[PDB]
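Presented below is the structure to which this report refers.
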4 protein chains.
Amino acid sequence: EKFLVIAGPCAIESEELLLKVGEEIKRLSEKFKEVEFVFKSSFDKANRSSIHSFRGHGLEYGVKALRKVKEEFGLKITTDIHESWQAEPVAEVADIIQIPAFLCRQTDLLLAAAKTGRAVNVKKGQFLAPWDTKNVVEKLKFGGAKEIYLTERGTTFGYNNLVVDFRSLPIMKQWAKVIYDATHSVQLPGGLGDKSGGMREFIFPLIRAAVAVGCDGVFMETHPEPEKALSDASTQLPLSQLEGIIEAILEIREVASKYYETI
Amino acid sequence: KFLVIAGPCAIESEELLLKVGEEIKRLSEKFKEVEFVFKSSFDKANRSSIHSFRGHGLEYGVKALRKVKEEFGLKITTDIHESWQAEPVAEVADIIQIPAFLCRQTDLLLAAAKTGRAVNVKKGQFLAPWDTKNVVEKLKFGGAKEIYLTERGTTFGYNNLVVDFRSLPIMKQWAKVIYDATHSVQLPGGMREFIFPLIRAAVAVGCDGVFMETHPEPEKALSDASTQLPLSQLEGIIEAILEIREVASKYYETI
Amino acid sequence: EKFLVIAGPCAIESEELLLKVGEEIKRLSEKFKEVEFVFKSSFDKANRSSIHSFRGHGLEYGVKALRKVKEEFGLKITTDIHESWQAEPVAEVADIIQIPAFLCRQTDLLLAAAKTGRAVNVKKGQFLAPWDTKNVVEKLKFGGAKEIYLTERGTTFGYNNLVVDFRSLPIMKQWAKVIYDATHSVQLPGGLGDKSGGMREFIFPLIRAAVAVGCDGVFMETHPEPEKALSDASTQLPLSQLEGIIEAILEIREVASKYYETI
Amino acid sequence: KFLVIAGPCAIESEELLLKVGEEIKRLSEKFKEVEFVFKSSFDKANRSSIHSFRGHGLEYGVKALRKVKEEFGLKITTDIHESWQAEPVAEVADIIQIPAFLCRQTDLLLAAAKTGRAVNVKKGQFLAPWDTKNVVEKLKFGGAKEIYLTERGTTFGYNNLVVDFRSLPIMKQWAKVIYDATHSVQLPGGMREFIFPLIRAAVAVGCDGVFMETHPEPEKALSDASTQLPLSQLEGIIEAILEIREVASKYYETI
Ligand SMILES: O=C[C@H](O)[C@H](O)[C@H](O)COP(=O)(O)O
Ligand SMILES: O=C[C@H](O)[C@H](O)[C@H](O)COP(=O)(O)O
């Protein structure tokens, strides 16, 4: 089955930033034809730690920008919703509706996404055990969702730290396709006080682990200049490094693939 | 004065609310030192299973809560799950409660603050104590003035919560602190035997109030059946924490 | 039953330091007659993080100093052992043989302590669940121990941090007398790199919690001048504060006592 | 070269060691790229229960280990639990193993280092990756030159261990890193289905070797019966990690 690579700037800082990243993702989609690329970017960071942090330019502007990306590059689109009413308007452009980690248990949000007929990707809550995602998938199926993904993005490990329990990949695979969030899994929640931290040096090794274990795709935030990002400046991958990372995981995936266990 | 937020987990029927309301009213008259607040959720919006009990809706809920405040003159508190709910809930709720999983949802916090009512934020199981400072700042920015932070356990491995009591003195630096005695012993995805022991710890450490779910027959509750406190045991526990508080308060550290 | 207060300098820095602390503990034992005091001090810090940290002046010197304390003040004595051969010589002076947290699973050490006929106090390993201490007590009883204590000293919570799960007090009470370690429970393992850290501001509130929940005693390291201690300088309680802390926990214990659950 | 430490958890009988030794010898000849080390404990000194299997003693153990090295010419490794054991164990053990619970016991580390042999320290479930720097320093101070640090999981709530793979690159800054594939999936006080998946992760991330407990019939093992790898599956797993390593090594980060 075609491997999924969900990538793009964390937040829709501007329609320009989106077209700049979209151009590169389009180039890579032409090179890595065995990969199904999905362009991602949030129209709103509705859960920043500080009230003073960047959130976005609203849904209207965001959907418009995302539609421009899909229109210009013919790339699939995914973005996250935060309240039920957003599912309908977002579904007009998003091929995959993403459910934020903190909201993975909000029944009405999951149901709102499911009835749009679009694919739904739920970030696994940092408080959730792998086996408890079975009910999350059940809610979605109940709500009409036919294409469901569960994304591993780390688990609460003491204060301001997340650990990735790779046992979660084969467990969740029992009831949904699994995506590994390579950039959020290394962030340090509220690590910088008014904002979260992160250790970029661990992004690559952990993503290698993910494909070695076996997953159906990877999620990576990428920005031309991470140091200047308005969100997740410590974890967003420099855009020029994307190509090399993807080649590497496809290589590791291939050699490890024959050993992937059957669920 | 010391706050005691109590009531049935879910509004299974205004009839149930009135029964629990009668007992809380009685205790209210017996313990004038304490400020009681009746609590009950009009919707369990985050159940693990799609087939579990959620409730009878916001309208039926706000109505039942109205009956309690009118019939007993008790302050009210219930939780909201989406921004639009803040306004209609504020009609009856003296304190608007923010769910633990939603403690970082900026719009929900702002919506609650904008109603002018008091806001009680359940500290997320993923949050460090010091990270609640920013939560308070959001509410203040939104015009909130009576702000509470509730300790309800922290993620400890899978399907388990631990109460780090160091959180009480830490959160007290920027808000009044409430200890959730019933959800702190619950096992995500709980043991009633630990409710009283940990509540005693909370008052010995020092907090501004306690939160307890109580039901005439917990075994038959449609929500938190394993942790809801039997109504008949509420008086004894309140008297107990008041006595412990009286002696221990002498040692509560300043700010 | 008489409440136990185990207190003293973390390490036997000198026989003088011991007599200075012993004098105060003796004074308090005369005041708090409802308390059973036990003077504690390690003849060896066998598990310091750094090879450059203070360990002690050897068993011989240590036992001699401890015997002087017992001789001069008539105070009961407790100290910890690290290898089986130490149980015999230590048992000559120690009324209670303490088993280090990291060694709570070492069968031969527990057995060595048990056959001396002395009381045995096992620090609960930071890796151990409360219910798993049942087997620890079983080993001791098997080895002849008649007076057994289990000490709560925190549990691993993420990196370089410990949390106290007070549910452990009533659980462990099912099979042994329970002691709360008020000073080690707030230490930050390897927090200072070459040494462990700690937050003294939390010692008092957590000890109040312990007696409110209910335990059979408390363990506190105290030093005339903590800032100058050769070990646990960040967590040892200033000696002048001991009296007040003890009065407070006896007061809280008394008012909470009628609510202690029966096991 | 890549290290593969394997063998039965406990020395249930030198007869068992010889059987496992024969297979490890065969693989040894098949994979010249790998340096195999036969492992087996002469004593399980930290069992939870007093009634569990410990072993046949140090003498019977060192004797059986001698038979394996002589009969197959395989390097040896076993763990010590008290200082006095270092010297006699060093007679046969090429690598002296330090138990996880004992990774901070200074005298045990010094005793092992003093024998001149290589020392492999199991990282305690309570240790942070960066805290192993001091462990290495102790061994160096003691005269050790071939030092290994083994990843075997970290305490995650109660009765559970999680493998934080960030530890591999971190510990590599001051020592060769070995991944314990069998104890990392064990549940303190485990699931065999996760052994292979996590070992693949370890080599994809980058390590200097793997540690695996293998037994002809794990179901009948007197120790770690739920996690010991069936002997017949060892060849397949080794071939698998060699292939993954070959491709992934290209991306291992420097130091
Ligand atoms: O959903 C949350 C995102 O993944 C981040 O971890 C989030 O936006 C980080 O927020 P902050 O830096 O404001 O803590
Ligand atoms: O047994 C260990 C003691 O309680 C300490 O936590 C220990 O001696 C601290 O050692 P260090 O400061 O050298 O890490």
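Just so it is clear, none of the values below were taken in a lab; they were calculated from the coordinates. We place every Cβ from the backbone using ideal geometry, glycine too, and count neighbours over all the protein chains shown.
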With all distinct Cα pairs included, what does the Kirkwood hydrodynamic radius of chain C come out to in Å, to one decimal, could you say? 18.2 Å
Vicinal HN-Hα couplings computed from phi for region A:182-190 (Karplus, 6.51 cos²θ - 1.76 cosθ + 1.60; Hz; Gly/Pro x): 5, 9, 7, 5, 9, 6, 10, x, x
Computed from every Cα-Cα pair in region A:71-147, P(r) in 5 Å bins starting at 0 and rounded to whole percents is 3, 18, 29, 25, 14, 7, 3, 1, 0
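Taking the Cα centre of region A:76-205 as origin, sum charge times position over the Cβ atoms of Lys and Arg (+1) and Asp and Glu (-1), and report the length of that vector in debye to the nearest 20.
In total the dipole reaches around 380 debye.
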Rounded to the nearest 0.05, what FRET efficiency do residue A:88 and residue B:22 have when you use their Cβ-Cβ distance and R0 = 30 Å? 0.10
Given charges of +1 on the Cβ of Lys and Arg and -1 on the Cβ of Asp and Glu, with all other atoms neutral, how large is the dipole of region B:4-65 about its Cα centre, in debye to the nearest 20? 140 debye
Please give, to one decimal in nm, the separation of the simple spin-label points placed at residue A:138 and residue D:242, each 7 Å out from Cα toward the Cβ. 4.6 nm
How big is the shadow of the Cα convex hull of region D:1-136, averaged over all directions, in nm²? 8.6 nm²
Calculate, for residue C:72 and residue B:33, the FRET efficiency according to 1/(1 + (r/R0)^6) with r their C-beta to C-beta distance and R0 51 Å; round to the nearest 0.05. 0.55
Counting all C-alpha pairs of region A:40-196, share separated by more than 26 Å (%): 27 percent
Residue by residue through B:198-209, how many Cβ atoms from other chains fall within 10 Å of the Cβ on average? 6
Could you name the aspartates and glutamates whose alpha carbon sits less than 13 Å from that of residue A:2, not counting residues in the same chain fewer than 8 places away? A:34, A:36, A:216, A:254
I'd like the Karplus ³J(HN,Hα) series for region D:240-252: coefficients 6.51, -1.76, 1.60, θ = phi - 60°, whole numbers in Hz, and an x wherever there's a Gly or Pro. 4, 5, 5, 5, 5, 4, 3, 6, 6, 3, 3, 9, 4
Rg/Rg_ref, region D:1-62, where Rg_ref = 2.2 N^0.38 Å and atoms are Cα: 1.29
Listed highest first by mean packing, meaning other Cβ atoms within 10 Å per residue, what order do B:175-185, D:21-31 come in? B:175-185, D:21-31
If amide H atoms are built 1.01 Å from N in the plane of the peptide, which residues on other chains or at least 5 residues away come under 5 Å of the amide H of residue A:5? A:36, A:37, A:38, A:218
From other protein chains only, count the Cβ atoms within 10 Å of every residue's Cβ in C:149-162, then give the mean. 5
Pairs of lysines in region B:144-255 (C-alpha under 23 Å apart; 8 or more residues apart or interchain): 4
Can you list the residues, at least 5 places off or on another chain, whose amide H is less than 5 Å from the amide H of residue C:76, using H built in the peptide plane? C:39
Where nothing but the Cβ of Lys and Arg (+1) and of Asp and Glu (-1) is charged, how large is the charge dipole of the protein assembly as shown around its Cα centre, in debye to the nearest 20? 60 debye
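More than 37 Å apart: what percent of Cα pairs in the protein assembly as shown qualify?
I get 53 percent for the Cα pairs in the protein assembly as shown exceeding 37 Å.
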In whole Å, what are the Cα extents of chain D along the three principal axes, biggest one first? 44, 39, 38
Determine which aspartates and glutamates satisfy two conditions relative to residue B:30: a Cα distance under 18 Å, and not lying fewer than 8 residues away in the same chain. B:22, B:71, B:235, B:239, B:243, B:246
For region B:119-255, the Rg and Dmax computed from alpha carbons only, in angstrom: 15.2, 43
Quick one: if you stick a label point 7 Å off each Cα along the C-beta vector at residue B:52 and residue C:34, how many nm between them? 4.4 nm
In Hz, Karplus ³J(HN,Hα) per residue of region D:12-29 (6.51, -1.76, 1.60; θ = phi - 60°; x = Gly, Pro): 5, 3, 4, 5, 5, 4, 5, 5, 4, x, 5, 5, 5, 5, 4, 5, 4, 7
Which entries of A:124/B:122; A:177/D:19; A:40/D:1; A:134/B:25 have Cα-Cα distances beyond 32 Å here? A:177/D:19; A:40/D:1; A:134/B:25
Exercise: per-residue mean of other protein chain Cβ atoms within 10 Å, B:150-158: 6
May I ask which residue of A:113, A:193, A:56 lies farthest towards the positive end of the charge dipole of chain A, with charges of +1 (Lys, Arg) and -1 (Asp, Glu) on Cβ and the Cα centre as origin? A:113
Amide H proximity to residue A:197 below 5 Å, modelled H, separation 5+ or other chain, gives A:188, A:190, A:191, A:192
Kirkwood-based Rg over Rh for region A:1-57 (C-alpha set), two decimals? 1.09
